[PDB]
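Read the structure below first, then the notes.
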Amino acid sequence: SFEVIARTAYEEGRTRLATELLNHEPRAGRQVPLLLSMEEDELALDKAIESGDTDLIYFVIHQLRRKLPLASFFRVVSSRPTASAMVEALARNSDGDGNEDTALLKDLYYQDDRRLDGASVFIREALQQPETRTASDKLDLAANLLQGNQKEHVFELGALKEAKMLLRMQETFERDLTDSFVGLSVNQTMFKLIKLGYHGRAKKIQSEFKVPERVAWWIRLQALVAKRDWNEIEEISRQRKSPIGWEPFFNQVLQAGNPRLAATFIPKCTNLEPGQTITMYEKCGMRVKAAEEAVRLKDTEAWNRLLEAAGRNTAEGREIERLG
Amino acid sequence: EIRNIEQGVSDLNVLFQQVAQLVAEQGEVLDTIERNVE
Amino acid sequence: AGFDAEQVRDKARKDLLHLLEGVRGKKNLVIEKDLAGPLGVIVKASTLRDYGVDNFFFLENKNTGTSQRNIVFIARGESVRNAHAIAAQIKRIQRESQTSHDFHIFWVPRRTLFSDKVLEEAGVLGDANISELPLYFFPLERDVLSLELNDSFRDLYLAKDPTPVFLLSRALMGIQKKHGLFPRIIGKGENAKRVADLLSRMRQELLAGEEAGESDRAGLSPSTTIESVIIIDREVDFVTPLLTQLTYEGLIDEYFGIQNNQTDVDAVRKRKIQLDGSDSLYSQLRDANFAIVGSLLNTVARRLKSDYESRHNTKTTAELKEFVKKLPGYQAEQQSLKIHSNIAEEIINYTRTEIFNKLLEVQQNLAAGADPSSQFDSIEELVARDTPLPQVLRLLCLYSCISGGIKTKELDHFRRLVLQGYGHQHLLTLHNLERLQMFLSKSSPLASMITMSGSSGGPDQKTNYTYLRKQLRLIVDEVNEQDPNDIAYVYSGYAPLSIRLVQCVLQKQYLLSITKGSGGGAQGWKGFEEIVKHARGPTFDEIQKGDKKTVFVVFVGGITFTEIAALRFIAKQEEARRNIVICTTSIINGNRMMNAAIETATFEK
């Protein structure tokens with residue numbers, strides 16, 4: 001108990017007479033090299049940080065680094081955010097850019113029990129790997145850091161397990177189907193799998209990652225227009241409910257495709273505005289069937305405009321007329 | 001006699017030389033440092 | 001006798017050239033790439049040749065020619081990367097050379113201790129003519145000064161690097177040294193206070209110097225040509241830069257990206273357009289809402305054609321001599337109009353797509369104060385339809401920042417959307433947005449908004465947009481955009497919180513007018529203390545001890561073209577009694593903000 005009390009008193013005395021100089025002969029520029037000479041590390045750094053001079057702060061930090069035991073260096077620098085921030089950043093810049101003092105971050109983040117920041121370092125490593133086998137090994141380490149706590153880091157751990165799984169299934173897809181897959185996102189995977197016609201596998205992806213239904217539909221719809229598979233687009237229309245509605249099916253198919261197949265989604269369109277069913281038949285190039293719809297809604301003004309477009313004779317026109 | 005019109009067809013002649021220069025002085029790529037590195 | 005932005009440009013050019021003289025004879029030049037741009041604002045490459053430059057090289061190109069003997073480096077000195085970069089080149093040219101070469105380095109704005117250590121630990125320090133180039137503010141316009149620190153937003157808010165605050169303080173201090181102490185240093189936000197504190201620390205050191213025989217003659221008194229300086233911290237109002245900007249210049253930056261008063265277009269590879277206040281057409285177009293650009297574009301085309309026809313009347317030397325006089329000014333205006341017709345046309349296409357309108361639809365609801373849960377289906381659609389990651393994240397951060405966090409159940413879903421949508425690498429991307437405190441769970445202490453009912457607590461409580469939306473009238477649906485009566489025109493119905501704060505200092509009467517109803521003083525935050533209290537960070541008003549004076553509105557951590565235009569809108573209203581001059585660390589926008597956080601690595605081959 002005593003052996004350390006002498007230090008707690010002595011250094012509290014070295015500080016006593018050291019502070020007896022920040023009054024006479026200041027400021028910043030001259031006073032941190034002074035303090036740093038008198039082994040008043042913690043005061044020099046704090047004085048430098050207050051000065052705002054980034055370059056000054058580096059100087060005290062760099063000095064502390066090679067003077068102190070690294071364990072104590074981490075202790076001192078982590079008290080002051082602004083100092084820890086710069087030590088942290090520099091460990092990412094010693095080249096400059098690109099190259100990393102990863103060992104410093106790893107040791108630093110461990111001492112402060114910063115698990116998210118520590119795990120994030122390993123994720124960064126997993127990205128630099130050339131082989132998914134070694135890439136998954138990095139993520140495991142990341143996960144092993146978070147397994148302790150556990151609570152709060154529930155999502156991250158889930159996300160990690162999700163990513164390891166996605167790479168594993170992607171590695172499989174390459175072996176079997178001879179195509180690029182490793183690296184793509186879940187959403188990008190379901191897309192490419194469907195565009196290539198592997199409808200079965202895509203569903204296994206959707207199931208495994210609990211892909212939201214509304215999203216899965218949006219991916220499928222887009223990926224089928226890519227494949228131009230109007231047959232299975234046709235097959236989907238044969239059911240009652242759609243979690244994304246049928247208007248998406250309308251607009252997406254109409255764009256770069258068949259006006260024919262598109263129009264068959266009216267009147268499955270529940271969420272529509274009055275007298276919009278008409279203009280939809282119009283855009284499909286079906287002036288004939290458009291006039292017929294204008295009548296059913298008892299909007300003869302629309303019936304008038306559509307007949308004026310044709311002209312009582314052209315395009316039969318009488319057929320437009322005979323429907324009223 | 002006509003020794004007063006001779007200056008006019010020299011005045012209004014150089015007048016259009018300058019305007020033709022200025023409209024050329026705003027010609028294509030403006031001078032920058034990056035343009036001189038490519 | 002007041003402040004003139006032109007004297008900044010002049011000093012910058014003269015300081016640069018005086019160093020080129022110092023290296024006698026001809027020289028080959030090596031420039032840091034993201035410094036070449038800003039330099040182009042103070043000096044012509046023409047002028048540079050006259051001072052002895054043969055060939056120009058970017059430092060990051062690693063192809064400095066051994067042509068001339070003198071090799072001159074110009075790079076920012078605070079940069080760790082730049083130090084290593086130059087030292088590396090001095091060895092590539094000392095071990096592949098044919099001559100000895102004289103090596104000159106101009107550090108912007110100063111030689112740093114770090115710089116020397118890197119240069120020393122390469123041996124090339126002894127072979128280095130090191131000079132200092134005190135460049136700070138680059139004057140982009142008469143009313144816009146910018147440090148042009150492109151990565152200042154990442155550096156400050158993600159890396160927690162005090163360098164931009166330091167520089168900006170020094171820059172502002174330069175203004176004081178020439179024109180006198182700021183009578184008042186008014187500000188809002190943590191880094192605004194740091195700038196103010198550094199301005200007071202540097203002042204004392206100037207007084208400690210002059211007192212202790214360091215001389216400097218004198219000896220600073222309150223200015224006579226400056227009313228005050230108002231400092232706004234960007235982290236006080238993240239919402240405004242997140243929103244898609246709706247002014248002409250704003251939308252240009254949003255789609256084309258503006259750097260150093262310039263940009264790239266494809267049909268006038270592609271070509272570089274100059275965009276500044278010199279071009280008389282762009283002057284009127286830039287600060288205007290994009291809606292009325294057509295109305296404005298035509299009106300100028302409508303006036304030019306009937307200005308070319310006119311004045312063939314008095315066919316006597318003069319009235320044609322006068323017509324041919326105004327002739328190059330017509331041609332320029334004609335080619336300017338053709339460019340900004342093409343540009344306006346491209347932007348009209350951008351704004352007509354589904355995805356754009358779907359995005360703006362979400363933005364409008366969030367801003368107006370609609371329950372953000374109502375926008376959940378829309379956001380999910382946008383991710384599913386693979387709309388660009390920066391734009392999705394901006395809706396997410398807008399959601400979080402404007403509502404004091406995201407509901408914990410909705411948050412877990414958004415994360416799932418981003419990860420599965422764009423890649424699990426963005427586990428990092430979301431972590432970075434978390435560090436930036438722009439994307440937090442409502443069950444986080446950091447996400448809470450300043451409330452004067454919810455007891456005390458919270459050291460870094462966030463800007464309460466809910467209270468401030470009404471109390472500072474952030475929504476104005478009245479606003480007509482042909483003749484705008486209020487700054488809210490820049491976002492078609494939403495006034496930036498940041499500029500509303502400035503109005504709490506400058507236009508107090510007007511503010512009360514658009515709230516409840518109905519010089520010399522009273523300056524300060526007076527009469528708006530409780531309202532501004534609901535914005536993030538410290539509110540302060542330090543005092544340092546005739547006709548219209550200048551007012552510096554300073555943005556620490558980036559400003560937007562919308563905020564610049566809005567400020568210009570006020571500058572006009574105050575043209576009589578005040579000259580408003582804008583200062584900033586950089587010019588910022590939503591995409592630059594996201595780029596600070598987005599991980600680009602990819603798990604691929």
Whole-Hz ³J(HN,Hα) for each residue in the stretch B:18-27, computed from phi via Karplus 6.51 cos²θ - 1.76 cosθ + 1.60 with θ = phi - 60°, x for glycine and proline: what do you get? 6, 4, 6, 6, 5, 6, 9, 6, 9, x
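For B:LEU22 and C:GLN573, what does the FRET efficiency come to when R0 = 30 Å and r is the distance between their Cβ atoms, rounded to the nearest 0.05?
Details: r = 37 Å, r/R0 = 1.23.
With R0 = 30 Å, the Cβ-Cβ based efficiency is 0.25.
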Roughly what % of DSSP beta bridges within chain C run antiparallel, to the nearest 5? 25 percent
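Dipole size in debye (nearest 20) for chain C around its Cα centre, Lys and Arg Cβ +1, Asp and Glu Cβ -1? Walk me through the numbers on the way to the answer.
Numbers: 77 positive and 76 negative charges, 137 e Å.
Charge dipole of chain C: 660 debye, to the nearest 20.
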Identify, among C:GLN363, C:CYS397, C:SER374, the residue whose Cα sits farthest towards the positive end of the charge dipole of the stretch C:354-452, taking +1 on the Cβ of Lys and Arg and -1 on the Cβ of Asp and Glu, with the dipole about the Cα centre. C:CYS397
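Taking the Cα centre of the stretch C:433-580 as origin, sum charge times position over the Cβ atoms of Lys and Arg (+1) and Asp and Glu (-1), and report the length of that vector in debye to the nearest 20.
Details: 19 positive and 15 negative charges, 63 e Å.
The dipole magnitude comes to about 300 debye.
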Given labels modelled 7 Å from the Cα in the Cβ direction, how far is it in nm from C:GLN331 to A:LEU21? 7.2 nm
Just the Kirkwood number for chain A, please: inverse of mean 1/r across all distinct Cα pairs, in Å, one decimal. 26.8 Å
Nearby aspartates and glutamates by direct alpha-carbon distance to C:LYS338 (threshold 14 angstrom, same-chain neighbours under 8 apart not counted): C:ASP266, C:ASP279, C:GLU346
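More than 13 Å apart: what percent of Cα pairs in the stretch C:335-398 qualify?
Tail fraction, whole percent: 66.
Find how much the distance from C:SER46 to C:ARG110 grows on full extension, using 0.36 nm per residue of separation minus their present alpha carbon separation; answer in nm with one decimal.
Numbers: separation 64, 0.36 × 64 = 23.04 nm, distance 2.57 nm.
Extra length from C:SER46 to C:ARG110 when fully extended: 20.5 nm.
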Taking 7 Å along the Cα-to-C-beta vector as the label spot, tell me the C:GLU121-C:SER444 distance in nanometres, rounded to one decimal. 3.5 nm
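Ordered by packing density, taken as the mean number of other Cβ atoms within 10 Å over each peptide's residues, highest first, how do A:21-32, B:15-26 rank? Mind showing how you got there, number by number?
Numbers: A:21-32: 14.1, B:15-26: 12.5.
In descending order of packing, they fall as A:21-32, B:15-26.
With a ≥ b ≥ c taken as the square roots of the eigenvalues of the C-alpha gyration tensor of chain C, please select rounded if a/c is under 1.5 and otherwise prolate if a/b is larger than b/c or oblate if it is not? Show your work: numbers first, answer last.
Details: a/c = 1.30, a/b = 1.17, b/c = 1.11.
Here chain C falls in the rounded category.
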Binned Cα-Cα distance frequencies in the stretch A:164-231 - 10 Å width, integer %: 21, 58, 20, 1
Within straight cross-link reach of A:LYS138, meaning Cα distance under 18 Å, which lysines are found once same-chain residues fewer than 8 apart are removed? A:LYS106, A:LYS161, A:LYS164, C:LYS605
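Taking N as the number of residues in the protein assembly as shown, what value does Rg over Cα atoms divided by 2.2 N^0.38 Å take?
Working: Rg = 32.5 Å, N = 967, 2.2 N^0.38 = 30.0 Å.
That ratio works out to 1.08.
Evaluate the charge dipole of the stretch C:1-136 about its Cα centre and quote only its size in Debye, nearest 20, assuming +1 on the Cβ of each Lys and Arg and -1 on the Cβ of each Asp and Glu.
Values: 20 positive and 18 negative charges, 55 e Å.
I would put it at about 260 debye.
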Could you work out how far apart the two model spin labels at C:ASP460 and C:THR66 are, taking each label as a point 7 Å from the Cα in the direction of the beta carbon, and quote it in nm? 5.3 nm
Which ³J(HN,Hα) values, rounded to whole Hz and listed in residue order, are derived for the stretch A:120-129 from phi using the Karplus coefficients 6.51, -1.76 and 1.60 in 6.51 cos²θ - 1.76 cosθ + 1.60 with θ = phi - 60°, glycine and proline given as x? 5, 5, 5, 4, 5, 5, 4, 7, 7, 5
Would you please name the trypsin sites (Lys or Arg not before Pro) within the stretch C:272-323 that are DSSP coil residues with at most 13 other C-beta atoms within 10 Å of their C-beta? C:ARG311, C:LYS315
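Assuming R0 = 45 Å, can you tell me the calculated FRET efficiency for the pair C:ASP547 and C:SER374, based on Cβ-Cβ distance, to the nearest 0.05?
Working: r = 53 Å, r/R0 = 1.18.
For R0 = 45 Å, the calculated efficiency reads 0.25.
When the chain is fully extended, how far beyond the present Cα-Cα distance does C:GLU410 get from C:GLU361, taking 0.36 nm per residue of separation? Walk me through the numbers before you get to the answer.
On the way: separation 49, 0.36 × 49 = 17.64 nm, distance 1.94 nm.
Roughly 15.7 nm would be gained on extension.
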Suppose we take every Cα in the stretch C:245-353 and form the convex hull; what volume per residue is that in Å³? 111 Å³
Relative to chain A, whose Cα atoms define the longest principal axis, helix A:2-18 and its Cα axis are tilted in degrees, nearest 10, by 90 degrees
If the reach is capped at under 22 angstrom between alpha carbons, list the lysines near C:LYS14, excluding any in the same chain fewer than eight residues apart. C:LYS26, C:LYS27, C:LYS33, C:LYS44, C:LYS177, C:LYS178
Compute the FRET efficiency between A:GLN150 and A:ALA9 as 1/(1 + (r/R0)^6), taking r as their Cβ-Cβ distance and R0 = 35 Å, and round to the nearest 0.05. 0.20
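All Cβ positions, even for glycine, are placed from backbone atoms using ideal geometry, and neighbour counts span all protein chains on display. Readers should treat all values here as calculations from the given coordinates under stated rules, not as data from a laboratory.
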